[PDB]
Amino acid sequence: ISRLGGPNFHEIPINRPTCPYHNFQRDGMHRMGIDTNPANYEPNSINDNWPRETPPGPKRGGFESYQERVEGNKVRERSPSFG
Amino acid sequence: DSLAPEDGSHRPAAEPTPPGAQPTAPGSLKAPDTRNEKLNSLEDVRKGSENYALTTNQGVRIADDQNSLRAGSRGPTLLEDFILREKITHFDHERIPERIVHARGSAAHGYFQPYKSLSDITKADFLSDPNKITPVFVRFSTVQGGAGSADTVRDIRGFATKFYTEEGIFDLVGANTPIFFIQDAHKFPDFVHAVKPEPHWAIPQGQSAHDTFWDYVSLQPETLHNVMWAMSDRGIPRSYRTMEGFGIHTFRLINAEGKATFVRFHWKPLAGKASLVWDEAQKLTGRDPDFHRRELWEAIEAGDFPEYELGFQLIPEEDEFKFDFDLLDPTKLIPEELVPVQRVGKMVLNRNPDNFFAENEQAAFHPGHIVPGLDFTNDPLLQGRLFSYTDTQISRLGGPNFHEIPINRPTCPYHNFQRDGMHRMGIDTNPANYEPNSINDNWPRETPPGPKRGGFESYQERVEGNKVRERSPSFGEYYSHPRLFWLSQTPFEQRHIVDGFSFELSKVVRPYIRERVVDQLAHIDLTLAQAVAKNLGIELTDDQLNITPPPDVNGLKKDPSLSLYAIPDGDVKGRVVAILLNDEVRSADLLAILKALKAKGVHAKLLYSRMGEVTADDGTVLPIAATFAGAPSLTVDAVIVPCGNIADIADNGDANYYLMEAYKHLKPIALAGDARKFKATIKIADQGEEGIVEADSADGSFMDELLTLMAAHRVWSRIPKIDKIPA
Amino acid sequence: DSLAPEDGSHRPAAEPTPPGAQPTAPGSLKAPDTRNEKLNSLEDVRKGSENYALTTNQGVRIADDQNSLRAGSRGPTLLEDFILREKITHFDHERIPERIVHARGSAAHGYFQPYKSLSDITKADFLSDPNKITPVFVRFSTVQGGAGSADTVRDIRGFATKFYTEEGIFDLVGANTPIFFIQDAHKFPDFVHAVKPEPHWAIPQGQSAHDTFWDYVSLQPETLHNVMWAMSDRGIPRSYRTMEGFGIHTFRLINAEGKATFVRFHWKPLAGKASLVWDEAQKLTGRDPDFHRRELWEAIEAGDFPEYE
Amino acid sequence: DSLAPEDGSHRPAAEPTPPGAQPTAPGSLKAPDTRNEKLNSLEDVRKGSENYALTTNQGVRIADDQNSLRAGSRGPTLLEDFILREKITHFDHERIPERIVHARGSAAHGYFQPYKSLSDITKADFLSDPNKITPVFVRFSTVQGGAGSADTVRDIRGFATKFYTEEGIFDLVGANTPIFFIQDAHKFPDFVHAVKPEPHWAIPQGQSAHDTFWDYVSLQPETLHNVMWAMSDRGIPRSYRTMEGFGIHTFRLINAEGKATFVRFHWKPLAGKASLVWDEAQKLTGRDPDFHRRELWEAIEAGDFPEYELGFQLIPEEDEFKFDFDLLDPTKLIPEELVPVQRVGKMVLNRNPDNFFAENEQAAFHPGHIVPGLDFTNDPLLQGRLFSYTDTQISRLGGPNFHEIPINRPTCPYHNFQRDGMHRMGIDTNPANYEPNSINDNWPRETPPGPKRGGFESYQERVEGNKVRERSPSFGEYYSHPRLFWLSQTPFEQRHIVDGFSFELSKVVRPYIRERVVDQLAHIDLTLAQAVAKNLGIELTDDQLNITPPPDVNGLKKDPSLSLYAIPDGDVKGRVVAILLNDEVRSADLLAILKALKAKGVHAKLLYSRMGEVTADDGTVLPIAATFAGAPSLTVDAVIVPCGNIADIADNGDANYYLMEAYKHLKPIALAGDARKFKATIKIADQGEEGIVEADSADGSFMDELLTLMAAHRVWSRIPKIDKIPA
Amino acid sequence: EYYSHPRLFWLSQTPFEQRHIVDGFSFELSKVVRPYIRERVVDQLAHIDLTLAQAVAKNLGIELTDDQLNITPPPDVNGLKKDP
Ligand code: HDD
Ligand code: HDD
């Protein structure tokens with residue numbers, strides 16, 4: 001945000017994905033992309049909810065975190081195992 | 001040169017003065033004796049002006065500040081004019097990014113004091129002793145509009161309090177409604193974008209009356225509760241002084257023994273609850289877009305300090321699951337009939353800022369700014385808010401040194417190993433910039449948690465579950481709170497809700513979105529849905545007619561604390577009365593009128609068809625504050641027309657319209673002597689009607705009757721009479 | 001889930017329609033066949049949306065845009081939710097400083113064409129050939145108010161035209177009155193501070209009716225000429241389409257032989273001159289603060305293209 | 001906690017101590033009683049540390065600064081950890097843009113005082129009385145490299161002085177050579193881009209030895225004069241204390257009558273002029289890239305305060321066109337033989353900063369920042385500089401309020417109608433933010449120009465001519481100054497210039513560039529041109545050999561003030577001697593050595609093959625400062641090898657190498673008793689050699705000879721002998 | 001020179017435009033809290049046109065003084081008494 005001047009640093013040439021990127025984020029300093037989506041939010045019926053979420057799958061699915069088991073108290077504590 | 005007028009009328013008196021009597025002024029000049037620790041701490045950066053030479057920013061005296069340096073008096077401006085370039089450069093970079101939301105806000109300084117020690121339930125230092133005074137800086141705001149948007153729009157209002165405590169900044173960042181529109185912070189941008197001006201053309205400003213807002217609302221039923229509050233009169237407060245305040249989220253209080261108590265924060269307006277009516281609020285955005293900002297400032301200058309009572313809804317850890325709704329769900333309120341608000345302390349706002357930009361615009365509030373004795377909960381909206389408020393000021397306030405901006409600075413000590421960053425003010429002398437260190441003997445040092453003055457330690461809440469992107473099933477109920485709110489409103493409040501929805505939906509261009517919202521309302525209450533549907537020329541289907549209403553909230557079919565007006569809490573101090581003058585006013589009425597108002601701290605504005613003066617019947621010279629068109633009825637709370645030469649203003653359209661507008665907006669109207677001729681303007685029968693004070697003169701009970709009407713705020717019985725009337 | 005109605009009434013017809021007939025929309029969707037060199041040159045950055053997967057800014061498909069990642073469904077949000085932090089970070093940094101002056105403005109794209117070659121008096125390429133079209137982008141504005149202030153206030157209006165010519169950008173940055181309030185730029189900050197919201201309390205917005213402006217005017221008689229224009233009905237135009245445009249200053253035209261000709265620039269509204277009346281304008285700031293922005297956008301959507309000579 | 005050593009040896013003594021005796025420290029901790037108005041005025045932002053609690057920036061005490069908040073001790077970090085995020089956020093935004101040029105610099109605080117009142121020629125307040133003490137902040141620098149580049153590169157050096165006068169900030173932003181490379185500010189970006197690291201790969205750092213630099217130079221003959229200074233030993237100063245300072249541009253002095261005098265500013269180093277030799281400089285960039293920064297800091301901590309004499313070259317307005325060069329041409333110097341330097345005052349640098357980032361990195365120097373009594377000229381380089389230095393800190397320092405950053409703040413009053421801007425610190429209480437105003441009675445007010453405390457008024461210079469983008473024909477002469485400079489150097493200085501050009505052009509990959517630069521050298525001097533050409537394997541042409549040299553500068557065929565060494569002025573106070581120890585040192589030698597050095601203020605570093613200590617013959621325990629490899633001879637001014645057990649170090653490669661390096665680099669070497677066996681390693685005749693001190697022991701006479709050699713800096717007669725020593 | 005153009009503009013307006021100009025100044029000046037500021041502006045209006053000055057002054061309940069009533073109107077602009 002300070003180093004590259006804002007939240008649009010992914011629009012700097014070198015940082016641009018080569019694959020498609022579409023979402024409901026807008027504006028920010030030095031905004032390059034000009035969005036034509038009628039909607040800047042989801043869910044929306046005005047652009048028939050596009051761009052749309054994608055279920056996780058074997059290929060080309062949405063990102064879904066591994067459902068790791070969490071259990072313990074909220075602590076600021078180093079694990080004894082790291083000692 | 002020496003341009004002030006001999007007589008010193010350019011300068012306002014440094015003593016409390018009613019609204020409009022003197023030119024308003026910077027707080028330190030208007031009330032120099034009103035102090036607190038934070039106000040005194042700002043003295044290092046306060047800058048005067050009088051008797052000082054005009055200079056550049058580098059301290060060089062300027063000889064000629066009217067002209068650019070040029071080659072010849074009609075020649076080209078030279079690049080060497082550094083005085084011109086510095087003055088234009090500062091001007092050219094004056095603006096900073098406004099807040100993403102709540103850009104429009106009005107702020108003041110004040111103080112807080114607890115009624116009694118709260119040590120049994122919290123170790124927070126500012127609540128530990130009744131004699132402990134905590135300086136505060138409060139900012140009230142709207143949500144959607146930009147910094148230059150209008151004040152009296154229909155919107156939620158922000159209510160942020162910066163508590164400058166002895167153990168750190170505590171920021172209580174709330175709103176004027178007890179719930180928020182969404183459940184999880186991940187959809188904040190979605191909701192905000194939907195309510196903000198649409199991206200193609202940036203319309204509309206300060207309004208949720210547009211397709212994208214209602215599109216989102218219709219697809220996300222969790223928003224219905226707060227939508228109900230916004231559509232009610234709560235969305236158009238009379239002033240920041242007459243609205244409630246809430247922290248919304250369930251937080252924790254942590255005592256010295258380590259016991260956690262759930263808490264919801266409340267602010268009770270000591271001036272009471274009061275709102276405008278839609279037509280007045282909308283019109284008032286046009287006649288005076290700074291109405292709330294002005295009213296706040298002028299109340300403080302008159303000495304009518306906005307006073308609020310901090311209150312706590314306290315829920316034992318063992319009762320976390322005893323309600324129909326989840327305590328961590330921010331779209332759900334905790335009914336006061338179930339959990340009473342316990343009075344905790346008083347906040348008094350008694351001084352305006354010196355410079356709006358420096359103090360108001362640069363102030364940074366953030367709900368993650370808590371102190372030992374307080375803690376968070378897992379409320380999913382609150383959780384995400386903690387990320388946002390530190391993040392956003394890297395752009396808004398240019399960097400991570402924003403706590404060094406005067407208004408944001410802690411009054412208590414602050415020492416750590418953080419260094420550099422843009423705009424670095426503090427010059428650290430610590431030999432070490434890391435810990436652990438031996439070269440400065442590990443200072444500054446960590447401090448263990450303890451009963452008082454100890455380090456922050458989070459409450460050891462048990463966390464158990466899988467890493468999931470999942471809404472708790474307990475959050476999946478959307479209509480029972482909306483319904484509870486609906487049923488707690490008076491009949492005229494309900495009509496106003498119906499009217500808000502109807503008006504807003506009429507501005508939605510795509511008819512199907514209107515139908516879909518109507519379908520949602522039918523899940524809340526049939527009467528409500530039917531009435532809105534009728535105003536939109538939509539017919540409910542038989543299926544919609546049999547949607548079974550949501551269950552009561554823990555057995556409650558209503559809760560009168562949810563209404564603005566069901567339970568009287570009328571305060572008249574700080575209100576204002578318009579006085580329609582004529583060119584031969586009966587001075588006796590005027591003396592009776594003005595003294596009765598002053599006795600109760602009610603202000604008056606003397607209006608006429610032009611500015612200047614008017615001479616009463618006995619030669620008393622009356623100073624005119626404004627013309628009838630210049631200070632419309634929208635800005636006052638009641639109108640009085642004293643006896644005198646009524647034919648002077650009898651056929652004055654503006655004067656007549658003044659009364660028609662105030663009559664329509666349900667404000668008390670009082671007519672003395674021949675001012676009763678105006679009754680035919682508002683269609684009042686000979687025998688009179690509740691809400692209209694009338695008598696042969698302004699003597700006897702005339703002012704007490706008028707003041708009783710003001711105490712009840714508006715004449716709600718007149719609603720049916722306003723239906724027709726062309727105003 | 002939440003989808004378009006069956007009838008396709010969510011989307012505006014892509015043809016000229018009268019104000020109110022269809023929901024308004026982005027220019028390239030409303031009038032896809034309306035082109036010019038500048039508009040086409042913007043095609044490298046235009047981004048569609050229909051039929052595309054919702055992603056992060058790094059191009060990663062999002063499975064659930066309804067929730068933060070947390071330990072248990074009633075648990076604390078985790079710091080590793082990069083989807084959430086990217087989304088919030090971008091939101092948190094949406095705003096950029098508004099213009100010091102003229103913050104409130106409405107803009108449109110268009111084209112310019114000279115009536116005849118003006119080569120005898122100027123070698124400027126965009127005025128050299130009657131059949132050589134120059135794409136424009138025009139921004140109309142108010143002066144005092146913020147970007148969120150109202151449109152129909154009493155104020156001077158800005159009229160800025162960006163000409164994308166073959167020999168460079170020419171910006172003709174003017175106003176709706178033929179003069180300005182002050183004589184030397186060194187006093188700009190004094191004049192602007194005087195008309196802007198007063199420094200202690202930041203009131204009033206988009207209004208010159210306050211002590212400091214009249215104080216300045218009273219001590220600086222050079223402001224009287226533009227003040228006269230501001231106080232007239234010129235200060236509350238009915239539409240951006242029905243006001244004059246002026247460059248104010250004397251500039252020069254230079255021809256190919258080196259001759260200099262002094263020039264003052266004018267814009268003549270082909271829809272005529274028309275203003276509101278004060279009571280109407282003031283009430284209109286309340287009933288529709290976006291009236292001029294809305295009126296301009298709808299005129300263009302209707303085929304009633306704002307034309308200036 | 002208690003990590004500091006119980007003996008207290010982690011904290012440096014708050015007394016002046018020699019280099020390496022103590023750990024260096026923040027200026028106010030090292031010399032707390034060294035005071036000046038500016039330093040005292042920074043006390044409001046200085047922050048301590050000892051005995052304080054570690055806090056967030058919001059003032060919240062931290063209990064555990066070792067761990068993040070996580071669900072279970074091996075669980076995921078939680079988003080609610082605000083203590084972590086604030087610490088990481090600040091860290092993440094620590095860096096600000098470095099200076100476009102002069103990014104690498106070292107700074108210190110001091111004071112200036114005039115020798116006499118200069119009221120006859122200037123009404124500048126800081127020069128009006130010998131008893132007026134003006135605080136200063138001086139930043140020295142290189143030009144090309146980034147902030148992390150090395151100090152002893154070959155480059156021009158910046159010399160900026162911020163004078164905190166009582167009538168404003170006056171920044172004298174100069175360099176260590178009397179001219180600049182270019183004539184018009186419009187070509188600055190071209191020159192800088194040419195010298196800076198090449199655009200595709202960003203190589204090379206801190207060096208002009210690359211194709212683009214020499215390409216630009218070859219095509220722009222105006223650069224040759226400053227190129228000559230840079231290729232001379234002037235480009236590699238021994239220390240910032242031992243180089244000259246110049247303002248470069250002709251400015252104006254304005255007296256009370258309003259008479260203008262043309263002036264060029266000069267800084268004379270009272271420590272004398274001294275430079276390293278190229279191989280020593282280049283190897284010093286690798287052994288200690290912070291050499292100059294360290295030397296400045298350590299001299300001030302030892303009480304060897306860098307002292308400079310301010311001098312003025314004064315030319316009457318009527319003499320403007322009396323030289324055969326234009327006074328406004330920045331590529332032209334004013335020979336001191338023609339216009340003598342008038343000694344005006346003295347500046348003493350006596351205190352280091354507390355925080356480098358806060359005071360040095362954030363300081364903003366600008367040549368435009370002048371005060372009444374001073375004025376510009378039409379120099380086209382200076383003219384364009386006036387736009388830049390204000391402009392550049394809008395990004396570098398984040399906005400238009402950079403003057404509120406502590407180090408930049410004027411000590412005198414500053415008041416104006418400028419408002420807001422990112423990170424606004426000042427809170428203006430003025431009712432008005434415009435002038436003229438009547439509401440604050442027009443304050444702050446303008447001030448007419450006058451003899452003292454008057455507003456700034458530009459000298460009314462007559463401007464006549466057409467608007468033209470054209471170089472003045474008078475500036476079109478490029479070889480006479482270069483020739484004058486060349487002819488004013490000693491034979492060995494000329495030889496180092498030849499070597500400078502030869503080394504640099506050797507690194508230019510495109511051979512035609514080397515040839516074009518040699519062609520330019522042929523317009524300056526045939527001898528210079530032939531010598532450089534022969535090192536490049538280039539043959540001058542017929543025509544090149546016949547180019548007539550440029551004319552003398554106003555009859556001068558040389559000016560000894562342009563040479564570093566032609567006229568003796570060396571000072572040994574503050575220099576350092578390396579003393580090579582052995583395991584049984586003759587304690588009588590040391591005693592004598594150290595006593596003599598301390599009498600002249602020369603420092604010593606005791607070196608051995610390992611750390612710890614050695615014991616002299618009498619049981620004197622001697623503490624080792626560093627190893628031979630640890631503190632190479634590059635870091636000292638001379639090397640002494642005392643008598644004792646020489647066989648302990650006589651086969652020590654590093655010991656022998658220490659002497660060969662010092663020898664190669666023309667440093668005085670002193671050998672006592674059996675240390676004379678080290679003569680074989682540097683091939684010194686039995687009978688001796690000037691520059692090598694040798695005796696049976698290290699006595700008074702021996703120390704006198706060594707100290708005499710050190711005052712002459714280097715042993716120039718040894719040059720023709722270092723050729724045959726493999727080091 | 002500050003009054004000739006203001007006056008040229010004033011005389012070029014129709015009667016209803018002139019009234020609207022009057023109403024604009026009167027409205028604006030009524031919102032000026034310091035009365036001396038209003039009076040100073042009215043004084044400046046008397047240097048432009050007395051009919052205009054007097055109409056505003058009356059709406060502000062201000063009386064033009066005898067000196068104000070005797071201020072000579074500014075010269076016409078290169079002979080123009082109006083420009084439609
Ligand atoms: C995750 C994002 C997030 C969420 C879900 C919320 N907001 Fe927020 N809030 C913002 C992100 C934010 C912000 C972008 O960080 C803001 C913009 C300006 C700033 O300083 O803070 C802000 C400011 C802001 C302020 C104005 C502070 C001032 O006056 O400067 C108010 C009173 C609140 N909001 C109140 C709330 C409450 C009652 C909300 C729901 C309980 C809420 N906000 C949800
Ligand atoms: C046209 C612009 C330009 C030109 C012609 C010059 N420079 Fe410069 N210089 C700058 C534009 C600038 C700058 C871009 O504005 C800088 C760098 C960063 C900053 O604060 O100022 C600066 C920094 C800077 C500094 C560093 C101040 C400090 O230590 O922070 C020194 C000593 C000089 N310059 C000196 C010179 C000399 C003596 C010049 C020729 C006589 C020269 N500059 C020409």
# chains A, B, ... in the order shown; residues from 1 in each chain; ligands from 1
call {"tool": "residues_near_ligand", "arguments": {"ligand": "ligand 2", "cutoff": "7 Å", "atoms": "only C-alpha atoms and all ligand atoms", "output": "JSON, numbers by chain"}}
result
{"D": [99, 100, 101, 102, 105, 139, 140, 141, 158, 159, 160, 173, 174, 175, 179, 180, 185, 186, 188, 247, 248, 249, 330, 363, 364, 365, 366, 381, 382, 384, 385, 388, 389, 390, 392, 393]}
call {"tool": "write_last_selection", "arguments": {"atoms": "N, CA, C and O atoms", "output": "CSV table (one decimal), in the first residue's frame"}}
result
chain,number,residue,atom,x,y,z
D,99,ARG,N,16.0,10.3,-1.4
D,99,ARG,CA,16.3,11.5,-2.2
D,99,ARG,C,16.6,11.1,-3.7
D,99,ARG,O,17.5,10.2,-3.9
D,100,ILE,N,16.1,11.8,-4.7
D,100,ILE,CA,16.4,11.5,-6.1
D,100,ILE,C,17.9,11.4,-6.3
D,100,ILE,O,18.4,10.5,-7.0
D,101,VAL,N,18.6,12.4,-5.8
D,101,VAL,CA,20.1,12.4,-5.8
D,101,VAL,C,20.5,12.8,-4.4
D,101,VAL,O,19.8,13.2,-3.6
D,102,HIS,N,21.8,12.5,-4.1
D,102,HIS,CA,22.4,12.7,-2.8
D,102,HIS,C,21.6,11.9,-1.8
D,102,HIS,O,21.5,12.3,-0.6
D,105,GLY,N,23.9,10.2,2.6
D,105,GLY,CA,24.4,11.4,3.3
D,105,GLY,C,24.5,11.1,4.8
D,105,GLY,O,23.7,10.4,5.4
D,139,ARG,N,24.1,18.3,6.4
D,139,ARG,CA,24.1,17.0,5.8
D,139,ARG,C,25.1,17.0,4.6
D,139,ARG,O,25.0,17.8,3.7
D,140,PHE,N,26.0,16.1,4.7
D,140,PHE,CA,27.0,15.9,3.7
D,140,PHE,C,26.6,14.6,2.9
D,140,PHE,O,26.0,13.8,3.5
D,141,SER,N,27.0,14.5,1.6
D,141,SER,CA,26.5,13.4,0.9
D,141,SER,C,27.3,13.1,-0.4
D,141,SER,O,28.1,13.9,-0.8
D,158,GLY,N,27.9,16.3,-1.8
D,158,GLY,CA,27.0,17.4,-1.4
D,158,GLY,C,27.4,17.9,-0.1
D,158,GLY,O,28.0,17.2,0.7
D,159,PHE,N,27.1,19.2,0.2
D,159,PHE,CA,27.4,19.9,1.5
D,159,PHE,C,26.2,20.9,1.7
D,159,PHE,O,26.2,22.0,1.2
D,160,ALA,N,25.2,20.4,2.4
D,160,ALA,CA,24.0,21.2,2.7
D,160,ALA,C,24.0,21.7,4.1
D,160,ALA,O,24.3,20.9,5.0
D,173,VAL,N,22.7,25.1,0.0
D,173,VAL,CA,22.8,23.8,-0.5
D,173,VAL,C,23.9,23.7,-1.6
D,173,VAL,O,23.7,23.9,-2.8
D,174,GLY,N,25.1,23.3,-1.1
D,174,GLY,CA,26.3,23.3,-2.0
D,174,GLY,C,26.9,21.9,-2.3
D,174,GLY,O,26.3,20.9,-2.1
D,175,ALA,N,28.2,21.9,-2.6
D,175,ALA,CA,28.9,20.8,-3.0
D,175,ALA,C,30.4,21.0,-2.7
D,175,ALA,O,30.8,22.1,-2.4
D,179,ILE,N,32.0,24.4,-9.2
D,179,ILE,CA,31.1,24.4,-10.4
D,179,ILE,C,30.2,23.2,-10.4
D,179,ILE,O,30.4,22.2,-9.7
D,180,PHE,N,29.3,23.2,-11.3
D,180,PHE,CA,28.4,22.0,-11.5
D,180,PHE,C,28.7,21.5,-13.0
D,180,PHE,O,29.4,22.2,-13.7
D,185,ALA,N,19.2,24.0,-15.8
D,185,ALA,CA,18.4,23.1,-15.0
D,185,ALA,C,17.6,22.1,-15.8
D,185,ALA,O,17.4,21.0,-15.4
D,186,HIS,N,17.1,22.5,-17.0
D,186,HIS,CA,16.4,21.6,-17.9
D,186,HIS,C,17.1,20.3,-18.3
D,186,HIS,O,16.4,19.3,-18.4
D,188,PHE,N,19.1,18.7,-16.2
D,188,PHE,CA,19.5,18.0,-15.0
D,188,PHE,C,19.1,16.5,-15.0
D,188,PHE,O,19.9,15.6,-14.9
D,247,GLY,N,29.0,27.1,-2.8
D,247,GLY,CA,27.5,27.3,-3.2
D,247,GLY,C,27.3,27.1,-4.7
D,247,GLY,O,26.2,27.1,-5.2
D,248,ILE,N,28.4,27.2,-5.4
D,248,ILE,CA,28.5,27.2,-6.8
D,248,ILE,C,27.9,28.4,-7.5
D,248,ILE,O,28.6,29.1,-8.2
D,249,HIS,N,26.6,28.7,-7.4
D,249,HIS,CA,26.0,29.9,-8.0
D,249,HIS,C,26.3,31.2,-7.5
D,249,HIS,O,26.5,31.4,-6.3
D,330,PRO,N,27.3,28.4,-14.1
D,330,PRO,CA,27.6,27.5,-13.0
D,330,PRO,C,28.7,26.5,-13.4
D,330,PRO,O,29.2,25.7,-12.5
D,363,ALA,N,15.4,15.3,6.8
D,363,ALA,CA,15.6,16.7,6.6
D,363,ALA,C,15.4,17.1,5.2
D,363,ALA,O,15.7,16.3,4.3
D,364,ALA,N,14.9,18.3,5.0
D,364,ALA,CA,14.6,18.8,3.6
D,364,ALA,C,15.4,20.1,3.4
D,364,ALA,O,15.0,21.1,4.1
D,365,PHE,N,16.4,20.1,2.6
D,365,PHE,CA,17.2,21.3,2.3
D,365,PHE,C,16.8,21.8,0.9
D,365,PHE,O,16.6,21.0,-0.1
D,366,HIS,N,16.7,23.1,0.7
D,366,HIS,CA,16.3,23.7,-0.6
D,366,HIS,C,17.0,25.1,-0.7
D,366,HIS,O,16.8,25.9,0.2
D,381,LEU,N,20.8,27.3,-14.0
D,381,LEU,CA,20.8,26.1,-13.2
D,381,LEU,C,20.1,26.4,-11.9
D,381,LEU,O,19.0,25.8,-11.6
D,382,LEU,N,20.5,27.4,-11.1
D,382,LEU,CA,19.9,27.8,-9.9
D,382,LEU,C,18.4,28.1,-10.2
D,382,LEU,O,17.6,27.7,-9.4
D,384,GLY,N,16.1,26.9,-12.2
D,384,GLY,CA,15.4,25.6,-12.2
D,384,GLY,C,15.4,24.8,-11.0
D,384,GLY,O,14.4,24.2,-10.6
D,385,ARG,N,16.5,24.9,-10.2
D,385,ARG,CA,16.6,24.3,-8.9
D,385,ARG,C,15.5,24.8,-8.0
D,385,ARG,O,14.9,24.1,-7.2
D,388,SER,N,12.3,22.6,-8.1
D,388,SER,CA,12.5,21.2,-7.7
D,388,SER,C,12.5,20.9,-6.2
D,388,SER,O,11.8,20.1,-5.7
D,389,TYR,N,13.3,21.6,-5.4
D,389,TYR,CA,13.4,21.2,-4.0
D,389,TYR,C,12.1,21.3,-3.2
D,389,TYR,O,12.0,20.7,-2.1
D,390,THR,N,11.1,22.1,-3.6
D,390,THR,CA,9.9,22.2,-2.9
D,390,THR,C,9.1,21.0,-3.5
D,390,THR,O,8.6,20.1,-2.7
D,392,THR,N,9.8,18.1,-4.9
D,392,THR,CA,10.3,16.7,-4.6
D,392,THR,C,9.8,16.1,-3.3
D,392,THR,O,9.6,14.9,-3.1
D,393,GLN,N,9.7,16.9,-2.2
D,393,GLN,CA,9.3,16.4,-0.9
D,393,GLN,C,7.8,16.2,-0.8
D,393,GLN,O,7.3,15.5,0.1
call {"tool": "interface_residues", "arguments": {"of": "chain A", "to": "chain B", "cutoff": "12 Å", "atoms": "only C-alpha atoms", "output": "MDAnalysis selection string"}}
result
chainID A and resid 1:7 23:29 34:49 63:77
call {"tool": "closest_residue", "arguments": {"among": "B:311, B:20, B:537, B:473", "to": "chain C", "atoms": "only C-alpha atoms"}}
result
B:473
call {"tool": "interface_residues", "arguments": {"of": "chain D", "to": "chain E", "cutoff": "12 Å", "atoms": "only C-alpha atoms", "output": "tab-separated table (two decimals) with N, CA, C and O atoms, in the first residue's frame"}}
result
chain	number	residue	atom	x	y	z
D	437	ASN	N	-8.56	40.08	5.55
D	437	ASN	CA	-9.69	39.73	6.38
D	437	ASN	C	-9.92	40.86	7.40
D	437	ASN	O	-9.00	41.59	7.75
D	438	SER	N	-11.16	40.96	7.85
D	438	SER	CA	-11.49	41.91	8.90
D	438	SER	C	-11.81	41.12	10.18
D	438	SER	O	-11.66	41.66	11.27
D	439	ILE	N	-12.18	39.85	10.02
D	439	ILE	CA	-12.60	39.07	11.19
D	439	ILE	C	-11.50	38.76	12.18
D	439	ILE	O	-11.85	38.47	13.33
call {"tool": "residues_around", "arguments": {"residues": "segment 254-266 of chain D", "least_positions_apart": "5", "cutoff": "7 Å", "atoms": "only C-alpha atoms", "output": "count of residues only"}}
result
23
call {"tool": "residues_around", "arguments": {"residues": "segment 29-42 of chain D", "least_positions_apart": "6", "cutoff": "8 Å", "atoms": "only C-alpha atoms", "output": "list in words"}}
result
residues 429 of chain B; 12, 13, 14, 15, 16, 109, 110, 111, 135, 136, 164, 301, 350, 351, 354, 406, 407 and 411 of chain D
call {"tool": "closest_residue", "arguments": {"among": "C:90, C:84, C:172, C:6", "to": "chain A", "atoms": "only C-alpha atoms"}}
result
C:90
call {"tool": "interface_residues", "arguments": {"of": "chain E", "to": "chain C", "cutoff": "8 Å", "atoms": "only C-alpha atoms", "output": "ChimeraX atom specification"}}
result
/E:1-3,5-6,9-10,17-18,20-22,24-25,27-29,31-34,37-38,40-41,44
